[PDB]
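Chain by chain, the residues:
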Amino acid sequence: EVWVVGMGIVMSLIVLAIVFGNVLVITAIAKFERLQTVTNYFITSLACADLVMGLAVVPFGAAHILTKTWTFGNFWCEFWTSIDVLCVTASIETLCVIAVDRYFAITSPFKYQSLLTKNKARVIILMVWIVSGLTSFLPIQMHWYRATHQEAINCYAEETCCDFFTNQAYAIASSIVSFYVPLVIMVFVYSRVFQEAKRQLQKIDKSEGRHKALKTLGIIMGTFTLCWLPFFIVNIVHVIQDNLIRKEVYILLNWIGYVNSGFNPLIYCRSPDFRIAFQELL
Amino acid sequence: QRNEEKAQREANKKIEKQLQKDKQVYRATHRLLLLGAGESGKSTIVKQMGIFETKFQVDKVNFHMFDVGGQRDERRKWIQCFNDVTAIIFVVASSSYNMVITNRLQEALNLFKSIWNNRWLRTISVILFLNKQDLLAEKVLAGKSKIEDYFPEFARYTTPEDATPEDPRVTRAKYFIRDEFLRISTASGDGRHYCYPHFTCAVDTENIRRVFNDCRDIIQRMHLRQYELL
Amino acid sequence: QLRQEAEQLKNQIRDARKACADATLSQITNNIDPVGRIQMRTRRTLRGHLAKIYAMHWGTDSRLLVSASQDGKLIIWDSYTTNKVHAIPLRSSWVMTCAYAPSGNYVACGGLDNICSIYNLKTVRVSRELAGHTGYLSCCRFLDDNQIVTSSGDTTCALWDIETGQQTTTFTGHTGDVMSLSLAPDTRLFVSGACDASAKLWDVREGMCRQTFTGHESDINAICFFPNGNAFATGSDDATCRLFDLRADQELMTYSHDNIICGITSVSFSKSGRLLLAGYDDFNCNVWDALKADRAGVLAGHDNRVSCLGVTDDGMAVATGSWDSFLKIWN
Amino acid sequence: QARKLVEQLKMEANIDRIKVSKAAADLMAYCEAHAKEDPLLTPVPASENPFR
Ligand SMILES: CN[C@@H]1CCc2c(ccc(O)c2O)[C@H]1O
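For each chain, positions are counted from 1 along the sequence as written; this may not be the entry's numbering. Residues without coordinates are not shown. For this description, chains carry letters from A and ligands carry numbers from 1, given in the order in which they are written. To obtain the side-chain values, all non-hydrogen atoms of the structure were used and water was disregarded. Residues with missing side-chain atoms are left out of burial classes, side-chain pairs and their counts.

- What the deposited record gives as its method is cryo-EM, and the resolution it gives is 3.4 Å.

What follows is the structure in structure tokens.
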């Protein structure tokens, strides 16, 4: 009773915080025309992904945990899973796109204005969501992701129970498409950006003989990794070895991954312009 | 009456398409302001490259240098127009430490301080060219005129350990001029804009490459400081 | 001898002005009712410039307006339907002023280059390119379709004839580079103010300066002229905007607040003259009760400094152009 | 150049002046007389307003 009440309170606070932060950043971008910028379109895409997260898959999963069973229909189990995968992969790929945009802005400043335009920004944002949809809705709404052993068939036949059972192929493919490839891209581009920042710091020191880069990249990489790496590692493991990972650990790591959507406004919208916009909004 | 509205909408669409093309053209190029004294030798630099504009490109990047001259006024208010420029190129003669037309160097330092300490030019970086190094070397090497009389602070100055030299005395003088400019550069700024002191002679033809590199550094540092990376 | 005589005569001018001020404007004004709060909402936002806007001019018809920016374009707007009627490419990327001819046939622009260009809309080719100034132009106005007055970065303000392209008269005797200019609604008189803290009234026909007003402390950036033709308000880099009177020959009221420490870039008057709208260096512009000298409202919708402000002839709307690309029309 | 300045100041000296009370009264009378037909001063009706 008290233990369940605590989980309910924590999940309610989490969903409230996620929704509030994401609607705040979205309405700040929408209301003020100064915030509208090529990178802010990617920020808006990420905020929309986190908002649909907090609206659809956080409270439904909270109900699925607090109450033992899935009251809603089996089709709605499939739809909730599809929306969850869509939101996760869209958020991670949008983070990768933002990292790529920063890398292009810093590495090739002269051509950066040509490479990234409003029309190209819209094309990239739609392409990200198209990839996310082809990753999530296409294999899950249809019966591709369903496993073959007896447990998966029993779970999928019963309408009251809604859990996650997945083929090796789809588990590996979803993990690679969602996290590991964006992880590689983001790590590479941020290593290049850190090298450029260190080079400029050395140039300034050499010119004016009379730290900051480490903290920013540190938090940007650390939050995303500490939120999502354990879940995707156990996503690989639980199908590489069936008995390795228990269900409760898997769900807990999945929710720690969900928590990342709340932290995105704090990391990617701390600029003084955003601070002034938030002050004006409230 | 709806026909007039439709025709006006078509004209608006055509004008908007032309404006988009002009935006693609305009956002690509970079605009520079050339700002120096008349005797500084800016003519030499602009040649190697009421208002004079020069279109010079390098590495497929279009630079637009707007040298303003003939509007010789102590009060410069057209300077507020050059708030969106990539950089302000400053040309100063470093061989004029003893010319009163107080000294030319002191007038140039006052101009540099006024430009640096401008509310509108807070974010604009200044590329500094210390022209006429050969004449300065000839003047200091002769020893007829000593900087100590015109600049008392030249005394008690030793050559910086981290220096890239040539005669020791002329190098002392050159780095004194650089430090005199860089003190004004660093005292007021908060990291938004920097100064890039370059030593140029009338013979040097690589100033285009130097301006290209300095503009690249300026935009790179601007992007790095827009984020918390620097 | 001559300098001492000039100093004594300036003392006499000051004494004569002081002897004519029995009571201030606020003493008489404070009895009448205040204007009250004024709420103004951005009805239409004009988009399409690429760089900062310096000046605009409402057409004689309340709809059309023309604005120029450092982009290098002179866009003519249809404020009723928000459609770019014309977009004129410019020879020089830098422009400091605009002008809409009373007939609507011609449009003039001035740049940081010493040359102003007059465009024939109904024909968008350069009808005439007027040169002769030795400094940047700050403001241009149209008397008729053939006579144009320009104020430049030298001392002189000049009156041109477009057909012959010649400086008919030169208004000299000023001290600093002229930054503002305005015309009498029907009379030949016009006024101009510059960096020296002095706004001078001129006579177009005679070509001489009748009166000079030196109330301000810093450079004057804008002048609007009262609809009566018997007053004009100046804006300076000090926070004060001041209302001068031609017949009294000295200032009547000052518009400033302790909180505001930024300068004023453009001022204008309401059609009844009660509301002195002033555009400040901070990102918003303010509305003053020209009689009570107290603030009536504020217009805060701009992301950068308000470089130009104007009120249409009918008085329906106020359009302000800031250093961001957007023109905003308030009402 | 001082001769031109002193001549201009002398020309400015011989101009008639009216008391500030009269000028302020004229300005107040004008602002009262033209107050009614000011769209900015009195919020215009939505039907009469062209922009909105
Ligand atoms: C039920 N929750 C889902 C299940 C599997 C999965 C998630 C997120 C991203 C992916 O690429 C996945 O394959 C999780 O949020």
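Considering the sheet that holds strand β28 (residues 327-330) of chain C
Residues and elements named next belong to chain C.
Part 1 of the reasoning: Here we have four strands laid out as an open sheet, ordered β1-β28-β27-β26, and antiparallel in their pairing. With one partner strand each, in any of the chains shown, β1 (42-46) and β26 (306-311) form the two edges of the open sheet. Between one strand and the next, the sheet's axes are offset by a mean angle of 20°, whatever the strand orientation.
Part 2 of the reasoning: Pairing between strands requires that DSSP locate at least two bridges from one strand to the other. Going along the chain from the N terminus, every DSSP run of H or I of four or more residues is numbered as a helix, and every run of E of two or more is numbered as a strand. Relative to β28, strand β27 (residues 318-322) is paired through four bridges, and the arrangement is antiparallel. By the bridge assignment, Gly321 is partnered in β28 with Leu327. In this description, a line fitted to the C-alpha atoms serves as the axis of each element, helices being fitted only across the stretch in contact, and the angle between N-to-C directions of two axes falls anywhere from 0 to 180 degrees.

Points about the interface of chain A and chain B
Part 1 of the reasoning: A contact between two residues is defined here by any heavy atoms of the two lying within 4.5 Å. Between chain A and chain B, the residue contacts involve 23 residues of the former and 26 residues of the latter.
Part 2 of the reasoning: Going through the elements one at a time, α3 (74-107), α4 (109-115), α7 (168-207) and α8 (212-240) of chain A are the ones with two or more residues in the side of chain A that touches chain B.
Part 3 of the reasoning: Top element by residues in the side of chain A that touches chain B is α7(A). It accounts for eight residues.
Part 4 of the reasoning: Amino acids are sorted into nonpolar (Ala, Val, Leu, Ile, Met, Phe, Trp, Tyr, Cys and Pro), charged (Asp, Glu, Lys and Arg) and polar (every other residue, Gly among them). Among the residues making up the side of chain A that touches chain B, the classes are represented as ten nonpolar, six polar and seven charged.

Some remarks on the UniProt feature "binding site: (S)-timolol" in chain A
Residues and elements named next belong to chain A.
Part 1 of the reasoning: UniProt positions are given in the numbering used here, feature names are shortened, and annotations may be inferred rather than shown by experiment. What UniProt calls "binding site: (S)-timolol" maps, in this numbering, to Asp84, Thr89, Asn235, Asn254 and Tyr258.
Part 2 of the reasoning: With respect to the secondary-structure elements, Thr89 resides in helix α3.
Part 3 of the reasoning: Within the secondary structure layout, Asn235 lies in helix α8.
Part 4 of the reasoning: If we ignore the near neighbours within four places in the chain, the residues touching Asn235 are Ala171, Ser175 and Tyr250.

Focus: the interface of chain D and chain C
Part 1 of the reasoning: Residue-level contacts link 32 residues of chain D with 51 residues of chain C.
Part 2 of the reasoning: Elements with a minimum of two residues in the side of chain D that touches chain C: α1 (2-13) and α2 (20-33) of chain D.
Part 3 of the reasoning: A total of nine residues in the side of chain D that touches chain C trace back to one element, the largest contributor, which is α2(D).

Some points on the arrangement of the chains
Part 1 of the reasoning: Ranking the four pairs of chains in contact by number of contacts places chains C and D first.
Part 2 of the reasoning: At the level of C-alpha atoms, the two units chain A and chain D stay apart, their nearest approach being 21 Å.
Part 3 of the reasoning: Kept free of each other, chain B and chain D leave a smallest C-alpha distance of 16 Å between them.

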